[PDB]
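Reviewing the structure listed below.
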Ligand SMILES: O=c1ccn([C@@H]2O[C@H](COP(=O)(O)OP(=O)(O)O[C@H]3O[C@H](CO)[C@H](O)[C@H](O)[C@H]3O)[C@@H](O)[C@H]2O)c(=O)[nH]1
Ligand SMILES: *[C@@H]1O[C@H](CO)[C@H](O)[C@H](O)[C@H]1O
Ligand SMILES: [Hg+2]
Ligand SMILES: [Mn+2]
């Protein structure tokens, strides 16, 4: 019993793309009513999970800043569980969590190549969804550790499957997209096809949707492997493949995952989350 016109007003931003050929909204600053959604979701006692991985140097360079900013800005006012995957828990920074946040740490086996660390996430996440995340949360987000929340990343971001507009190509055209183009990759996207180029630093949805995203992506990662090939942008190419065959129900503007090295365009009203230094 919740409708688009209840919380979303596109006309608040006519200059940017707020809707998709498939009726899915694209959230931009000013286009949303958190207050109504906060109220709507709190009634439902909704709870949101956030998985984040950090093996090796990334642990001391980013984990703490990630957790600290998430604590302060992610789904504030709703129960959230942080799922922390590390290779060495003794190096795990323990920050002080605030109201409605709790966490769980897990020790994972550290892959030799970072590219595989990043890709093996697809398999791990899936294992954890089937094991417990499926039963602990209503919505799940999977993020990259080397990020930082800047402002409120709220419930205006929930949906059945949520993708992130890659900051450097949302304004671009599809054939410029660095999709995988080698028909030998499961991640292959013809030169005619493609809707957008999604950032893999942030994807989410319901546990069931996320389990499907992650399963399909790992199968792709494995198919490509038995074929002695590696998608150019690894898991992100597979995700883009996936999000093409299965359009996302919600897409988030680059304002949610902004690269300040792109400066500060006029079409990015307020930055919720930026890439790390
Ligand atoms: O030594 C490392 C490097 C990375 N990570 C993790 O791997 C992920 C990606 O990190 P990184 O490669 O530094 O980010 P980017 O290249 O900007 O990542 C983009 O590209 C990758 C594929 O190249 C993945 O798809 C990411 O999701 C996408 O945001 C993060 O969760 C990191 O914490 C580690 O745990 N240890
Ligand atoms: C997606 O691909 C870009 C290249 O455009 C870059 O590797 C980013 O790290 C990734 O998110
Ligand atoms: Hg890396
Ligand atoms: Mn990253």
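In chain A, numbers come from Swiss-Prot; the residues present are 82-358, in order.
Header lists the method as X-ray crystallography, 2.5 Å.
Just so it is clear, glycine is given a Cβ too, placed from its N, Cα and C backbone atoms.
Here is what Swiss-Prot says about this protein:
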ACT_SITE  317  active site, nucleophile
BINDING   225, 227  Mn(2+) binding site
CARBOHYD  293  N-linked glycosylation site
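Feature annotations (Swiss-Prot) mapped to structure.
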residue: 225; record: Mn(2+) binding site; contacts (Cβ under 8 Å, 6+ apart): 133, 281, 282, 283
residue: 227; record: Mn(2+) binding site; contacts (Cβ under 8 Å, 6+ apart): 139, 142, 143, 147, 356, 357
residue: 293; record: N-linked glycosylation site; contacts (Cβ under 8 Å, 6+ apart): 327
residue: 317; record: active site, nucleophile; contacts (Cβ under 8 Å, 6+ apart): 279, 280, 281
Among 225, 227, 293, 317, the recorded positions whose C-beta sits under 6 Å from ligand 1: 225, 227, 317
Recorded positions whose CB lies under 6 angstroms from ligand 4, from 225, 227, 293: 225, 227
DSSP-derived class (H/G/I helix, E/B strand, else coil) of residue 225 (Mn(2+) binding site): coil
